[PDB]
Amino acid sequence: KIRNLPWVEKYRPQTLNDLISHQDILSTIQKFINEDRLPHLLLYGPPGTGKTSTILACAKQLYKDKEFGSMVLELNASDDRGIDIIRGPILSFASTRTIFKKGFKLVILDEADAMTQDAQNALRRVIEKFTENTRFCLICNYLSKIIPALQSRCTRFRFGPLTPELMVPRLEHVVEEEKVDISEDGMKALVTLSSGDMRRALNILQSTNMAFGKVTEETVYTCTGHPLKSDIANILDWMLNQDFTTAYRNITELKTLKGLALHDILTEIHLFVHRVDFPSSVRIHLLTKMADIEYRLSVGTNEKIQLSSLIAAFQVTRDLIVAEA
Amino acid sequence: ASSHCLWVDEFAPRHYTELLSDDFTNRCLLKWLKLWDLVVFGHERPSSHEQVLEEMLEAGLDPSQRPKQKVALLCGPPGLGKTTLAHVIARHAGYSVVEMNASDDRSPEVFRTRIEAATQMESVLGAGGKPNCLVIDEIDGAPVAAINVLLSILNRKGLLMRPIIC
Amino acid sequence: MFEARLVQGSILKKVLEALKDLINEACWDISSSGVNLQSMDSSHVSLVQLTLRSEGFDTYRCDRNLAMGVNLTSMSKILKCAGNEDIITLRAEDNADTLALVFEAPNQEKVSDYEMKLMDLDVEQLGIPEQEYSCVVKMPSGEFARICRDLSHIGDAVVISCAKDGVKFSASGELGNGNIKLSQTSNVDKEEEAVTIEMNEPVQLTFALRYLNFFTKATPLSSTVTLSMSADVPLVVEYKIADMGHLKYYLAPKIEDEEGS
Amino acid sequence: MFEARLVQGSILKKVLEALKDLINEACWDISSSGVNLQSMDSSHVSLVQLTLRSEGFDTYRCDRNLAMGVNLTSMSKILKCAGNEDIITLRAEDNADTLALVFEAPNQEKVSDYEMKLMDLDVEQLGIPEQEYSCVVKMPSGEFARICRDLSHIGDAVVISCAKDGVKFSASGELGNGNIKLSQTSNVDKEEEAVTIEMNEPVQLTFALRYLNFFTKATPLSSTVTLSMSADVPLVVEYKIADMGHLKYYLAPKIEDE
Amino acid sequence: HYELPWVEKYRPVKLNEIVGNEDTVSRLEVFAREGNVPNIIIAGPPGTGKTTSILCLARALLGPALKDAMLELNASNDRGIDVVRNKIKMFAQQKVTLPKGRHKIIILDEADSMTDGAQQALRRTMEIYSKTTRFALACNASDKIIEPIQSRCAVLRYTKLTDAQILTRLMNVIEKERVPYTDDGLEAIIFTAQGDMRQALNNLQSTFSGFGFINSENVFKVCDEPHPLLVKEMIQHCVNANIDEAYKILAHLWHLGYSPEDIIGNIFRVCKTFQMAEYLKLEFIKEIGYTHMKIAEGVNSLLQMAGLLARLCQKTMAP
DNA sequence: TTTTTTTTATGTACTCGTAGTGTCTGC
DNA sequence: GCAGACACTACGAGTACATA
Ligand SMILES: Nc1ncnc2c1ncn2[C@@H]1O[C@H](COP(=O)(O)OP(=O)(O)OP(O)(O)=S)[C@@H](O)[C@H]1O
Ligand SMILES: Nc1ncnc2c1ncn2[C@@H]1O[C@H](COP(=O)(O)OP(=O)(O)OP(O)(O)=S)[C@@H](O)[C@H]1O
Ligand SMILES: Nc1ncnc2c1ncn2[C@@H]1O[C@H](COP(=O)(O)OP(=O)(O)OP(O)(O)=S)[C@@H](O)[C@H]1O
Ligand SMILES: [Mg+2]
Ligand SMILES: [Mg+2]
Ligand SMILES: [Mg+2]
């Protein structure tokens, strides 16, 4: 039936075959499940890569719908997970048998980096003592906020960023299941602006399809507000080729015409600053100045002065690069 | 029972002559405990930082026949023999050691009902029973209200008749 | 349109005070047969199956079947200010969120209408096996509550055994062990105080005391409780209300590992 | 093998409630003559000497002499669930670490078997307290409990003075002064209320109220109590039970006299 | 029945099967054979075998009396101030009939989680009842255990397991499990373990379940190379003011999905123990802290980490 | 050879004191 | 049948720390 859902939740990989990228990790987890050798897992990686979807597909594969509420204990950062919960419901769930059917139980701890260190220290002997009865899956974005004692007990899988070559067919499946007219440059802009994230590629696809009705390069870069590659090349050419006043006028006209933001301009100019074969003394100064300009934009600071400083960081090094020869 | 006990408990000092502390501290604690013989045992005869202790050992008594410092405080780094010196000096001067350490409840009501029991009563063995020397181990872990209870029972003018070692 | 009518308010107060520290949220399944509630606890160890009959209410009408999930702290605060001898009306519309509790003051003069907002949890149905048990014991509820309270002072996990002789409770704790065994207490003037054994095969299972003590809070609901045990199916505590329905408590055994030696 | 079947659990309940907040452990000494318990406080303030002879039980089996050092709270937790009029089987082995109590307390054929883990204590020895008391009086237990509660209402310590006329109790406080005068009350029908005086050389001492209340909490244990006090010898209360044995409480006086 | 993972299935039950720290393990074997063991606190890195050594020593000392002469407490238990007074002290006062040279053992696993008040209350009940009971504590951070408790026990310290010590136990597990392997695969497992036997067994079981053979690429398709092994190289490049190679390593760590907090934590961890000038090390640490304040306040991009690397390279050329 | 005191803004955890309150005893 | 006493858990309050 038709449902009113966001496309990041309407199109969720309910099975392990619907995830795209981490084929070796998913093959190893599938062979863990099929041989009943599932250990305590530690899924870590950047957001939007499919860790919660992986553990929910594994839990739906392991357990039927008539027994899913008694075998799976799913706790996350929206739940209270203090040390009284580790000593309370989690220990009682781990230390007791099942109700309906005999089997091993699963305690999913989503956002395990949000737990306090007291709870993580209390979890160690709960994990180690009841390995036969229950299994634990810790999922985090930052591995440093998990204590090394819990990192030793759980085998860790790095759910790295999704490569855009493998991100395309899932987006094509979502497009063909939603009747969306998309061009090749629209798909390329989607997998460029996503940057290893399938949430942001679905959100941007749904937002562009609602705003314009078609998904092309211009529509995606207009709905997102991101500058194009040609605009960044023009900004760099103006900052390296002419004086302060003409470059300031041209960049100000380009920003007023297309409604660009200085954060995305700074990000793309930072990406361009390493491809350009600059001297090493020039690159250090440019990176320090651009990091300072990016830091100044985090508060109530006028963006026009920061645009002038972004021009100034290159107008300083123009004559240095030229006289270097 | 050589294989039954630890080597610290096997080689623990049982007399004054086999202690390993500073001899000045041993003599000062022994003289401070022997200053209570006029009010505890009822006998006139028993048988820098050093200068203040020597002055306080010879400073005289209050008209209530007691030393002017009714509490001895023993401080130092761990692993020296402070508890050993307190127990050896208490058993050497004819006292019976009453121990009150950090494994007790240390609430002010329990602290009061233990100090008042150890210090304000005589012996249940009648004549010839040893007096009670209250040794309070780990007093720095006690709460401030327990210290206020100890100071209130030290400054009751309910007069304190027994020595207290902290 | 759902409209039930409790003739007295005491039984609903006892039910919602029995489940207050145990059940996270109440799922009233409404049909023409009666009111059903199958809900697990917050630890996913216990299970509560309450079945209230349509003949026990004053008036009961139910056009279409409903499944009303509601919070329990709010309903506990509503039922705290309810009398024990007043008629309490539960109302619910077809496509609305307001579950209405209408009752009277303890002064019995003014009316009170307390609405509740229904929750939207999608809960998969838990399949009760309804199989035969290897041990069925009919015993008084007050003695069961007393023996659970007396074993709570000794330990935390209790080994309950049952055989042809009778039920037996053991608590191997820190002070020591406490082993209480009861049997054949039917030779009294009362009919509620009786121990009857029906089934054959002896079973020994270890359970938590906190959940047993939460289960014993339904003592005023039934004078006689039933204990069902087997080697695979969990512990069932059955309270049979007089003319309203019944209440089932399911508690899973704990994981006990023998010594390697 | 040690077995002792106490005929009624009421005396065990009243004893273990009397020395509940008094002594930190129970050191039962087991011989063929009976059960001995000689406990002393760590601050040497109060002493308990309980003797239960072998003729006072339903049965008594003892092969070897035993020392049962057991926790007081762990036994009070048991006999909060015991029966007032029921048989209590206290059993232990010769070389064991446990102590079992079997009873049918609710009179509903509910066989209760509570085991305790023994506590290993250092074996201090107190042989015999010397008994040469000049002032020996006899008093009912209920009146003594009531007058100890009456001084506990006002003061914090009792000045007890023996005399030929009677035992006089005094208490000082900010709210008021509590004072009674004991007279010869032998002209009554009850023989338990009669106060028999066998004193000489009168003595006035001071005692703590809390230990006196803990001693007088055993009023239903025996109908009549015996008080024995003298100079520089601690005060003795003595409850003589009907068939099982006797119980002696020793209290040291305070240093601050009067 | 369900098959346990190889961490829990191949836990050693005898003290001779424990590899690494041969002197301390040999003395524990002697103490388990004879008796009269002093109070013991074992500190070390995770996965070294401290809990295994404590449990094997307690089992070999007691035998059939393990269920009645041992009290095991963890961070999953309460062990507050009311448990040291009322449970540990009551177990130390408890009479248990044992042979000569054998004592009751109170195992306090993960003693860092205990509060300071509980450790203060533990002192006198450890010192008094030492004729009848003994204490066997295990910990990771030895500074959390206070000085009186460390004085009341023998403080054994475990070091990280060497590659040969991990390799011997892994070859025992391989010959028990019939795992086909190559030498570069076991070298990769030893490299990804980093002194942790738990991680070695977990990586070996993951590679054997996912691929069925142990070579280097089958290990690295599921396991990962350690972070500080490249962070040390990028810090060395920042010392020589080489911004291009440092940014190459930074971009390689960025494209692998590491958050800026983890990257700057590894950068601080390497710079804390790096071999360079002390004043330059302090300037590096101050610049890392200044960048980490911006990372924690909300701005955390590749430009900020590149600016941190540029500032570290500028600190070299500005004496 | 040398020692007092409350600010940082939440969130969690520990510890301790206090107050309704269900239940048991007694006349 | 009703006043007094007992322990019981829920709740209010004060304090510390949070890193490698
Ligand atoms: N590998 C993937 N295959 C298909 N859809 C994906 C994949 N990764 C992410 N998605 C989409 O993103 C949604 C949410 O992914 P999550 O499971 O939340 O990823 P995650 O990496 O666990 O996120 P964090 O780290 O918890 S914010 C899914 O329901 C899909 O719509
Ligand atoms: N002369 C001695 N020879 C051998 N062992 C000794 C000697 N004196 C003391 N000891 C032992 O060393 C320890 C002395 O510490 P204690 O006096 O018990 O406590 P402490 O010295 O106050 O240190 P802390 O602060 O309590 S840890 C005990 O284990 C004694 O048995
Ligand atoms: N030295 C070792 N020899 C053999 N196996 C070991 C060794 N160290 C660890 N293991 C294995 O790793 C498992 C975990 O060992 P533990 O003793 O629990 O680690 P740990 O030293 O306690 O570290 P932490 O601080 O508790 S996480 C054991 O069950 C063994 O399977
Ligand atoms: Mg997620
Ligand atoms: Mg000491
Ligand atoms: Mg461990």
# chains A, B, ... in the order shown; residues from 1 in each chain; ligands from 1

call {"tool": "residues_near_ligand", "arguments": {"ligand": "ligand 4", "cutoff": "9 Å", "atoms": "only C-alpha atoms (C1' of nucleotides) and all ligand atoms", "output": "JSON, numbers by chain"}}
result
{"A": [47, 48, 49, 50, 51, 52, 53, 110, 111, 139, 140]}

call {"tool": "write_last_selection", "arguments": {"atoms": "N, CA, C and O atoms", "output": "PDB file, in the first residue's frame"}}
result
ATOM      1  N   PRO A  47      28.158   8.509   9.376  1.00  0.00           N
ATOM      2  CA  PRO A  47      26.696   8.380   9.314  1.00  0.00           C
ATOM      3  C   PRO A  47      26.175   8.138   7.906  1.00  0.00           C
ATOM      4  O   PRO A  47      26.760   8.561   6.907  1.00  0.00           O
ATOM      5  N   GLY A  48      25.044   7.437   7.846  1.00  0.00           N
ATOM      6  CA  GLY A  48      24.362   7.163   6.600  1.00  0.00           C
ATOM      7  C   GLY A  48      24.893   5.998   5.800  1.00  0.00           C
ATOM      8  O   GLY A  48      24.476   5.822   4.650  1.00  0.00           O
ATOM      9  N   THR A  49      25.786   5.187   6.365  1.00  0.00           N
ATOM     10  CA  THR A  49      26.410   4.095   5.632  1.00  0.00           C
ATOM     11  C   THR A  49      25.681   2.765   5.769  1.00  0.00           C
ATOM     12  O   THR A  49      25.996   1.831   5.027  1.00  0.00           O
ATOM     13  N   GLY A  50      24.706   2.667   6.677  1.00  0.00           N
ATOM     14  CA  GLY A  50      23.900   1.430   6.742  1.00  0.00           C
ATOM     15  C   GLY A  50      24.331   0.473   7.837  1.00  0.00           C
ATOM     16  O   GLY A  50      24.521  -0.712   7.523  1.00  0.00           O
ATOM     17  N   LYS A  51      24.481   0.956   9.071  1.00  0.00           N
ATOM     18  CA  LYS A  51      24.801   0.098  10.206  1.00  0.00           C
ATOM     19  C   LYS A  51      23.548  -0.357  10.946  1.00  0.00           C
ATOM     20  O   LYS A  51      23.393  -1.550  11.246  1.00  0.00           O
ATOM     21  N   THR A  52      22.655   0.590  11.251  1.00  0.00           N
ATOM     22  CA  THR A  52      21.377   0.256  11.873  1.00  0.00           C
ATOM     23  C   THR A  52      20.529  -0.601  10.945  1.00  0.00           C
ATOM     24  O   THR A  52      19.877  -1.551  11.393  1.00  0.00           O
ATOM     25  N   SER A  53      20.553  -0.296   9.645  1.00  0.00           N
ATOM     26  CA  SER A  53      19.841  -1.107   8.661  1.00  0.00           C
ATOM     27  C   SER A  53      20.412  -2.517   8.591  1.00  0.00           C
ATOM     28  O   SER A  53      19.662  -3.490   8.448  1.00  0.00           O
ATOM     29  N   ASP A 110      22.233   0.675  19.870  1.00  0.00           N
ATOM     30  CA  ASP A 110      22.493   1.705  18.879  1.00  0.00           C
ATOM     31  C   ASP A 110      22.959   2.974  19.573  1.00  0.00           C
ATOM     32  O   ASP A 110      22.534   3.276  20.693  1.00  0.00           O
ATOM     33  N   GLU A 111      23.838   3.712  18.888  1.00  0.00           N
ATOM     34  CA  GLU A 111      24.534   4.893  19.412  1.00  0.00           C
ATOM     35  C   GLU A 111      25.253   4.572  20.723  1.00  0.00           C
ATOM     36  O   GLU A 111      25.003   5.172  21.768  1.00  0.00           O
ATOM     37  N   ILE A 139      26.924  -0.213  18.088  1.00  0.00           N
ATOM     38  CA  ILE A 139      27.029   0.570  16.864  1.00  0.00           C
ATOM     39  C   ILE A 139      27.361   2.002  17.247  1.00  0.00           C
ATOM     40  O   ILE A 139      26.674   2.599  18.083  1.00  0.00           O
ATOM     41  N   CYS A 140      28.413   2.548  16.643  1.00  0.00           N
ATOM     42  CA  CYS A 140      28.843   3.896  16.976  1.00  0.00           C
ATOM     43  C   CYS A 140      29.311   4.621  15.725  1.00  0.00           C
ATOM     44  O   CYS A 140      29.596   4.010  14.695  1.00  0.00           O
TER      45      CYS A 140
END

call {"tool": "residues_near_ligand", "arguments": {"ligand": "ligand 1", "cutoff": "9 Å", "atoms": "only C-alpha atoms (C1' of nucleotides) and all ligand atoms", "output": "NGL selection string"}}
result
:A and (6-14 or 16 or 18-22 or 43-56 or 110-111 or 139-141 or 159-162 or 167 or 170-171 or 196-202)

call {"tool": "write_last_selection", "arguments": {"atoms": "C-alpha atoms", "output": "mmCIF file, in the first residue's frame"}}
result
data_model
loop_
_atom_site.group_PDB
_atom_site.id
_atom_site.type_symbol
_atom_site.label_atom_id
_atom_site.label_comp_id
_atom_site.auth_asym_id
_atom_site.auth_seq_id
_atom_site.Cartn_x
_atom_site.Cartn_y
_atom_site.Cartn_z
ATOM 1 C CA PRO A 6 10.341 10.041 3.822
ATOM 2 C CA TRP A 7 12.315 8.227 1.151
ATOM 3 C CA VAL A 8 15.101 7.452 3.648
ATOM 4 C CA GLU A 9 12.565 5.367 5.602
ATOM 5 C CA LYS A 10 10.237 4.207 2.822
ATOM 6 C CA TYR A 11 13.253 2.689 1.030
ATOM 7 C CA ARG A 12 15.162 0.868 3.756
ATOM 8 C CA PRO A 13 17.182 -2.327 3.153
ATOM 9 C CA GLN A 14 15.015 -4.842 5.028
ATOM 10 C CA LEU A 16 21.106 -7.901 3.661
ATOM 11 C CA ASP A 18 19.541 -4.710 -0.502
ATOM 12 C CA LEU A 19 22.614 -3.005 0.955
ATOM 13 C CA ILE A 20 25.161 -2.030 -1.676
ATOM 14 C CA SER A 21 28.714 -1.350 -0.581
ATOM 15 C CA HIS A 22 30.290 -3.471 2.171
ATOM 16 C CA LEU A 43 29.769 -1.608 13.773
ATOM 17 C CA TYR A 44 31.498 1.741 13.321
ATOM 18 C CA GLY A 45 31.690 4.285 10.534
ATOM 19 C CA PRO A 46 30.444 7.635 9.224
ATOM 20 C CA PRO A 47 26.696 8.380 9.314
ATOM 21 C CA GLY A 48 24.362 7.163 6.600
ATOM 22 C CA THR A 49 26.410 4.095 5.632
ATOM 23 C CA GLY A 50 23.900 1.430 6.742
ATOM 24 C CA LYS A 51 24.801 0.098 10.206
ATOM 25 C CA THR A 52 21.377 0.256 11.873
ATOM 26 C CA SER A 53 19.841 -1.107 8.661
ATOM 27 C CA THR A 54 22.389 -3.946 8.737
ATOM 28 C CA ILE A 55 21.599 -4.953 12.312
ATOM 29 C CA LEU A 56 17.833 -4.652 11.758
ATOM 30 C CA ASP A 110 22.493 1.705 18.879
ATOM 31 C CA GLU A 111 24.534 4.893 19.412
ATOM 32 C CA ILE A 139 27.029 0.570 16.864
ATOM 33 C CA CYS A 140 28.843 3.896 16.976
ATOM 34 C CA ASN A 141 30.010 6.771 14.812
ATOM 35 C CA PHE A 159 31.305 0.593 7.673
ATOM 36 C CA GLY A 160 33.219 3.040 5.533
ATOM 37 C CA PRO A 161 31.822 5.669 3.171
ATOM 38 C CA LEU A 162 29.766 4.443 0.244
ATOM 39 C CA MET A 167 25.691 4.062 -4.748
ATOM 40 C CA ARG A 170 20.276 1.684 -5.360
ATOM 41 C CA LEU A 171 19.401 5.250 -6.385
ATOM 42 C CA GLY A 196 29.429 8.580 0.944
ATOM 43 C CA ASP A 197 25.954 8.962 2.485
ATOM 44 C CA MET A 198 22.727 7.395 1.186
ATOM 45 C CA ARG A 199 20.478 9.425 3.553
ATOM 46 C CA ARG A 200 21.605 12.722 1.993
ATOM 47 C CA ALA A 201 21.356 11.274 -1.515
ATOM 48 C CA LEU A 202 17.776 10.161 -0.891
#

call {"tool": "interface_residues", "arguments": {"of": "chain D", "to": "chain B", "cutoff": "10 Å", "atoms": "only C-alpha atoms", "output": "PDB file with N, CA, C and O atoms, in the first residue's frame"}}
result
ATOM      1  N   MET D  40      30.734 -11.020  74.741  1.00  0.00           N
ATOM      2  CA  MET D  40      31.140  -9.741  75.301  1.00  0.00           C
ATOM      3  C   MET D  40      31.247  -8.723  74.176  1.00  0.00           C
ATOM      4  O   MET D  40      31.653  -9.053  73.060  1.00  0.00           O
ATOM      5  N   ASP D  41      30.860  -7.485  74.475  1.00  0.00           N
ATOM      6  CA  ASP D  41      30.990  -6.402  73.512  1.00  0.00           C
ATOM      7  C   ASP D  41      32.459  -6.054  73.288  1.00  0.00           C
ATOM      8  O   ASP D  41      33.331  -6.348  74.110  1.00  0.00           O
ATOM      9  N   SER D  42      32.727  -5.427  72.141  1.00  0.00           N
ATOM     10  CA  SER D  42      34.093  -5.059  71.788  1.00  0.00           C
ATOM     11  C   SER D  42      34.634  -3.935  72.658  1.00  0.00           C
ATOM     12  O   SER D  42      35.852  -3.832  72.828  1.00  0.00           O
ATOM     13  N   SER D  43      33.762  -3.097  73.215  1.00  0.00           N
ATOM     14  CA  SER D  43      34.170  -2.009  74.090  1.00  0.00           C
ATOM     15  C   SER D  43      34.124  -2.395  75.563  1.00  0.00           C
ATOM     16  O   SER D  43      34.337  -1.529  76.419  1.00  0.00           O
ATOM     17  N   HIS D  44      33.845  -3.674  75.860  1.00  0.00           N
ATOM     18  CA  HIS D  44      33.813  -4.244  77.217  1.00  0.00           C
ATOM     19  C   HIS D  44      32.809  -3.524  78.118  1.00  0.00           C
ATOM     20  O   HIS D  44      33.102  -3.180  79.266  1.00  0.00           O
ATOM     21  N   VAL D  45      31.612  -3.304  77.590  1.00  0.00           N
ATOM     22  CA  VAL D  45      30.546  -2.626  78.318  1.00  0.00           C
ATOM     23  C   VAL D  45      29.506  -3.613  78.832  1.00  0.00           C
ATOM     24  O   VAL D  45      29.126  -3.574  80.002  1.00  0.00           O
ATOM     25  N   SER D  46      29.046  -4.518  77.971  1.00  0.00           N
ATOM     26  CA  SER D  46      27.988  -5.452  78.317  1.00  0.00           C
ATOM     27  C   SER D  46      28.430  -6.878  78.025  1.00  0.00           C
ATOM     28  O   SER D  46      29.225  -7.128  77.115  1.00  0.00           O
ATOM     29  N   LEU D  47      27.904  -7.808  78.812  1.00  0.00           N
ATOM     30  CA  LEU D  47      28.209  -9.225  78.675  1.00  0.00           C
ATOM     31  C   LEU D  47      26.919 -10.026  78.762  1.00  0.00           C
ATOM     32  O   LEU D  47      26.033  -9.705  79.558  1.00  0.00           O
ATOM     33  N   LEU D 126      36.718 -16.157  78.524  1.00  0.00           N
ATOM     34  CA  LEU D 126      36.319 -15.596  79.808  1.00  0.00           C
ATOM     35  C   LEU D 126      35.797 -16.745  80.658  1.00  0.00           C
ATOM     36  O   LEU D 126      34.737 -17.307  80.357  1.00  0.00           O
ATOM     37  N   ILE D 128      35.040 -17.415  84.393  1.00  0.00           N
ATOM     38  CA  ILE D 128      33.948 -17.300  85.359  1.00  0.00           C
ATOM     39  C   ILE D 128      33.896 -15.860  85.858  1.00  0.00           C
ATOM     40  O   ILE D 128      34.922 -15.319  86.299  1.00  0.00           O
ATOM     41  N   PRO D 129      32.749 -15.187  85.776  1.00  0.00           N
ATOM     42  CA  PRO D 129      32.593 -13.917  86.496  1.00  0.00           C
ATOM     43  C   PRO D 129      32.394 -14.183  87.982  1.00  0.00           C
ATOM     44  O   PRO D 129      31.591 -15.034  88.369  1.00  0.00           O
ATOM     45  N   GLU D 130      33.142 -13.457  88.811  1.00  0.00           N
ATOM     46  CA  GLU D 130      33.070 -13.656  90.254  1.00  0.00           C
ATOM     47  C   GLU D 130      31.753 -13.117  90.799  1.00  0.00           C
ATOM     48  O   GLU D 130      31.350 -11.994  90.484  1.00  0.00           O
ATOM     49  N   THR D 206      26.009   4.528  88.391  1.00  0.00           N
ATOM     50  CA  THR D 206      25.402   5.155  87.222  1.00  0.00           C
ATOM     51  C   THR D 206      25.547   4.219  86.032  1.00  0.00           C
ATOM     52  O   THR D 206      26.623   3.654  85.815  1.00  0.00           O
ATOM     53  N   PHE D 207      24.469   4.056  85.264  1.00  0.00           N
ATOM     54  CA  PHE D 207      24.447   3.138  84.135  1.00  0.00           C
ATOM     55  C   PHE D 207      23.805   3.797  82.923  1.00  0.00           C
ATOM     56  O   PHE D 207      22.998   4.725  83.047  1.00  0.00           O
ATOM     57  N   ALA D 208      24.183   3.305  81.744  1.00  0.00           N
ATOM     58  CA  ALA D 208      23.619   3.799  80.495  1.00  0.00           C
ATOM     59  C   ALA D 208      22.206   3.268  80.298  1.00  0.00           C
ATOM     60  O   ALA D 208      21.878   2.154  80.715  1.00  0.00           O
ATOM     61  N   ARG D 210      20.501   2.784  77.335  1.00  0.00           N
ATOM     62  CA  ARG D 210      20.237   1.969  76.152  1.00  0.00           C
ATOM     63  C   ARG D 210      20.486   0.490  76.427  1.00  0.00           C
ATOM     64  O   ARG D 210      19.705  -0.374  76.010  1.00  0.00           O
ATOM     65  N   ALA D 231      29.950  -2.653  94.887  1.00  0.00           N
ATOM     66  CA  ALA D 231      31.019  -1.727  94.545  1.00  0.00           C
ATOM     67  C   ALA D 231      32.041  -2.404  93.641  1.00  0.00           C
ATOM     68  O   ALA D 231      32.439  -3.545  93.884  1.00  0.00           O
ATOM     69  N   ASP D 232      32.424  -1.691  92.572  1.00  0.00           N
ATOM     70  CA  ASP D 232      33.418  -2.057  91.537  1.00  0.00           C
ATOM     71  C   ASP D 232      33.203  -3.452  90.925  1.00  0.00           C
ATOM     72  O   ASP D 232      34.133  -4.043  90.368  1.00  0.00           O
ATOM     73  N   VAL D 233      31.979  -3.976  90.974  1.00  0.00           N
ATOM     74  CA  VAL D 233      31.597  -5.203  90.274  1.00  0.00           C
ATOM     75  C   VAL D 233      30.400  -4.817  89.409  1.00  0.00           C
ATOM     76  O   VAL D 233      29.511  -4.100  89.892  1.00  0.00           O
ATOM     77  N   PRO D 234      30.353  -5.217  88.136  1.00  0.00           N
ATOM     78  CA  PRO D 234      29.270  -4.767  87.248  1.00  0.00           C
ATOM     79  C   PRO D 234      27.904  -5.316  87.634  1.00  0.00           C
ATOM     80  O   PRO D 234      27.772  -6.366  88.266  1.00  0.00           O
ATOM     81  N   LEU D 235      26.876  -4.562  87.243  1.00  0.00           N
ATOM     82  CA  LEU D 235      25.497  -4.908  87.568  1.00  0.00           C
ATOM     83  C   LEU D 235      25.051  -6.137  86.787  1.00  0.00           C
ATOM     84  O   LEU D 235      25.368  -6.288  85.606  1.00  0.00           O
ATOM     85  N   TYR D 250      25.311  -8.577  82.113  1.00  0.00           N
ATOM     86  CA  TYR D 250      26.289  -7.836  82.897  1.00  0.00           C
ATOM     87  C   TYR D 250      26.474  -6.472  82.254  1.00  0.00           C
ATOM     88  O   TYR D 250      26.706  -6.386  81.045  1.00  0.00           O
ATOM     89  N   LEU D 251      26.381  -5.417  83.058  1.00  0.00           N
ATOM     90  CA  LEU D 251      26.554  -4.053  82.582  1.00  0.00           C
ATOM     91  C   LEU D 251      27.572  -3.336  83.454  1.00  0.00           C
ATOM     92  O   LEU D 251      27.409  -3.270  84.677  1.00  0.00           O
ATOM     93  N   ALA D 252      28.609  -2.798  82.825  1.00  0.00           N
ATOM     94  CA  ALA D 252      29.613  -2.034  83.545  1.00  0.00           C
ATOM     95  C   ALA D 252      29.100  -0.623  83.830  1.00  0.00           C
ATOM     96  O   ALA D 252      28.446  -0.018  82.978  1.00  0.00           O
ATOM     97  N   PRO D 253      29.376  -0.081  85.012  1.00  0.00           N
ATOM     98  CA  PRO D 253      28.938   1.282  85.322  1.00  0.00           C
ATOM     99  C   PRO D 253      29.797   2.329  84.627  1.00  0.00           C
ATOM    100  O   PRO D 253      30.910   2.064  84.173  1.00  0.00           O
ATOM    101  N   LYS D 254      29.249   3.539  84.552  1.00  0.00           N
ATOM    102  CA  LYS D 254      29.975   4.656  83.969  1.00  0.00           C
ATOM    103  C   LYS D 254      31.083   5.125  84.904  1.00  0.00           C
ATOM    104  O   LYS D 254      31.056   4.874  86.112  1.00  0.00           O
ATOM    105  N   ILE D 255      32.077   5.804  84.326  1.00  0.00           N
ATOM    106  CA  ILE D 255      33.178   6.335  85.123  1.00  0.00           C
ATOM    107  C   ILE D 255      32.704   7.499  85.985  1.00  0.00           C
ATOM    108  O   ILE D 255      33.077   7.613  87.160  1.00  0.00           O
ATOM    109  N   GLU D 256      31.871   8.375  85.425  1.00  0.00           N
ATOM    110  CA  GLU D 256      31.338   9.511  86.167  1.00  0.00           C
ATOM    111  C   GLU D 256      30.251   9.067  87.139  1.00  0.00           C
ATOM    112  O   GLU D 256      29.088   8.915  86.751  1.00  0.00           O
TER     113      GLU D 256
END

call {"tool": "residues_around", "arguments": {"residues": "segment 8-12 of chain G", "least_positions_apart": "3", "cutoff": "12 Å", "atoms": "only C-alpha atoms (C1' of nucleotides)", "output": "MDAnalysis selection string"}}
result
(chainID C and resid 149) or (chainID F and resid 16:23)

call {"tool": "select_by_dssp", "arguments": {"residues": "segment 47-125 of chain D", "states": "alpha helix (DSSP H)", "output": "list in words"}}
result
residues 72, 73, 74, 75, 76, 77, 78 and 79 of chain D
